[PDB]
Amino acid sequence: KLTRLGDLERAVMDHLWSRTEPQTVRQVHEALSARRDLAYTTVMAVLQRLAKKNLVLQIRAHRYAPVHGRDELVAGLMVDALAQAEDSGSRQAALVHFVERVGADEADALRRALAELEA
């Protein structure tokens, strides 16, 4: 399971997350050319690796769509992380330590969301 994106994978998903339509290799390459000089095959290859990581889907003139949005990807990584805990006791303790390590704004965002979740 992916736990972080490399800088080129991130450049890539950043373009994809900025467009509603699935994008061709050529379109991603043109976006990345703003800061990098890359081979077309390098952009192609990174798309394919991101597809193998289920972060994009190849649509068929091949186009690529992000499987998760920017925010939902982060949320999913957090879920994947909590899933590492061995049992409900350590999930509980993990969550205690987790909220100690986020900011207040973050802790409150959690509080607000939880209160909406139920009521």
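Numbers for residues come from their place in the sequence shown, where the first is 1.
Among the modelled residues of the chain, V102 sits in the highest third by CA temperature factor in this PDB entry. The PDB entry assigns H29 a C-alpha temperature factor belonging to the middle third of its chain's modelled residues.
Ranked within its chain, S90 lands in the highest third, by CA B factor from the PDB record.
In the PDB entry, a CA B factor belonging to the highest third of its chain's modelled residues is recorded for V79. When the modelled residues of the chain are ordered by C-alpha B-factor, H62 sits in the highest third.
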